[PDB]
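Working notes, beginning with the structure itself.
No Cβ is skipped: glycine too gets one built from the backbone with ideal geometry, and neighbour counts run over all protein chains shown. Taken together, the values in this text are just the output of simple stated rules run on the coordinates, not laboratory data.
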Amino acid sequence: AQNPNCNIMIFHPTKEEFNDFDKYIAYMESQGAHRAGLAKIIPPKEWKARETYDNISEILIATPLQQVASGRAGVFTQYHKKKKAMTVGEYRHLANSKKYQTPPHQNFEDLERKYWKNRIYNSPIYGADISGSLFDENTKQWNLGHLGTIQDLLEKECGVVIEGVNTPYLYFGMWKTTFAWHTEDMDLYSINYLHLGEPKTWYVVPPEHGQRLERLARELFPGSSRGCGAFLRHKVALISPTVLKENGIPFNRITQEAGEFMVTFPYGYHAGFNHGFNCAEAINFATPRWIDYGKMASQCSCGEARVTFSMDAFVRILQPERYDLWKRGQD
Ligand SMILES: O=C(O)CNC(=O)C(=O)O
Ligand SMILES: [Mg+2]
Ligand code: NI
Ligand SMILES: [Zn+2]
């Protein structure tokens, strides 16, 4: 069995290997990459996403979100307070202000210590889930707006034609902006490209151990767990690496830098934080191996998780017994 310790693997495809996206994902899985729940892909030196980032300031962040924490430093939730619209140029100036800017630090490990010590005491502002793309239309390799759609994958594997579309999303971050512990909708893959700016640190639980994370989360968030049997779908709970180690939960960590891709694999729980002003692009995707995970994915029916249009068909076709209850949660 390849990668039996579930370590995060780092890949360096050549330009020739970077042509065929599906083939390279299957190659990484042949080497055991999915066992980690997360992999890093460094593009060949010949490749670029676009020519420059000099003309992005006028993109609008219609609903910036202030991430307000409650709890203790290592075990907290966050809620998202909506703020007034601002441009990417206005948000970058805000991220660089004395109130929000990255503090002085020695290295990524010192910054990680500072994040976990101090995050709860601040409320950083995140631009999230902004439909759009920063890949040039002429970038043919690993262009996250040109991937095969999940609807087409389901049709190819299962024969059933369904409604829905699959487009990318932009994220604009600042110091301490936080992504809570979650798997993807319908336990899909994700791919994330860090276009510019400061790093993103990730934490991940191997898919084979995801239920250990869920059992800890029920213990640490006992009111939320009574409210919903899949409350991590709400994307609000944070648990620090120190708390995970104290409780014996298997996990790994890695820092993504600008110019690098990360892939999350089906049922790989992940969480993380941004080091300073940055911009990322991400989309969900599927492969043949996903279908069995989609059939088994938990679902939130309490009303909190509220998701895209295109999840309807995935539940309807893969999980017909759960469909009626889940849809009641959507309405
Ligand atoms: O970068 C972020 O805030 C969150 N991204 C992801 O969870 C992802 O790509 O799967
Ligand atoms: Mg612009
Ligand atoms: Ni994710
Ligand atoms: Zn719920």
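Key figures for this structure:
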{"quantity": "The chain: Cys lacking any partner C-beta under 4.7 angstrom", "calculated": "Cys6, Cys158, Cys279, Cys300"}
{"quantity": "Where chymotrypsin sites (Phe, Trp or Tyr not before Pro) fall in DSSP loop in the range 247-331, at most 11 other Cβ within 10 Å", "calculated": "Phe309"}
{"quantity": "Residue-wise HN-Hα coupling along the range 315-331, computed from phi with Karplus coefficients 6.51, -1.76, 1.60 (Hz; x: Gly, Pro)", "calculated": "5, 4, 7, 7, 10, x, 4, 7, 4, 3, 4, 4, 5, 3, x, 5, 10"}
{"quantity": "Estimated translational D of the range 177-266 in µm²/s (Stokes, Kirkwood radius over Cα pairs; 25 °C; 0.890 mPa s)", "calculated": "172"}
{"quantity": "Linear extension gain, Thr77 paired with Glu304, 0.36 nm per residue minus alpha-carbon span", "calculated": "80.3 nm"}
{"quantity": "Whole-angstrom gap from the range 31-80 to the range 106-131, using each part's C-alpha centre", "calculated": "12"}
{"quantity": "Gain upon complete extension [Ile317, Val68; 0.36 nm per residue less C-alpha separation]", "calculated": "85.9 nm"}
{"quantity": "Sorted by Cβ density within 10 Å, fewest first, the residues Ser70, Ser225", "calculated": "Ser70, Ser225"}
{"quantity": "Listed residue pairs exceeding 21 Å between alpha carbons, taken from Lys81/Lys327; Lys176/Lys235; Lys40/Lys156; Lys117/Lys245; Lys15/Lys48", "calculated": "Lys81/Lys327; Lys40/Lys156"}
{"quantity": "Ranked list, fewest to most other Cβ atoms within 10 Å of each Cβ, for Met28, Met262", "calculated": "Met28, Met262"}
{"quantity": "Where the Cα pairs of the range 41-166 fall when distances are cut into 5 Å bins, in %", "calculated": "2, 8, 11, 13, 14, 16, 15, 11, 6, 3, 1, 0"}
{"quantity": "Of the trypsin sites (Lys or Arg not before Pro) in the range 95-157, those whose Cβ has at most 12 other Cβ within 10 Å and which sit in DSSP loop", "calculated": "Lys98, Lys99, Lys140"}
{"quantity": "Charge sum, other residues only, whose C-beta stays under 14 Å from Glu109's C-beta, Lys/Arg counted +1 and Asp/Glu -1", "calculated": "+2"}
{"quantity": "Given the chain, longest segment not containing exposed loop GluC sites (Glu not before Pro) (DSSP; at most 10 other Cβ within 10 Å)", "calculated": "164-331"}
{"quantity": "Packing-based exposure ordering (other Cβ within 10 Å, fewest first) of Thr139, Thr63", "calculated": "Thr63, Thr139"}
{"quantity": "Volume of the Cα convex hull of the chain, divided per residue and given in Å³", "calculated": "142"}
{"quantity": "Gain on full stretching of the segment that runs from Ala258 to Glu58 - 0.36 nm per residue minus C-alpha separation", "calculated": "69.9 nm"}
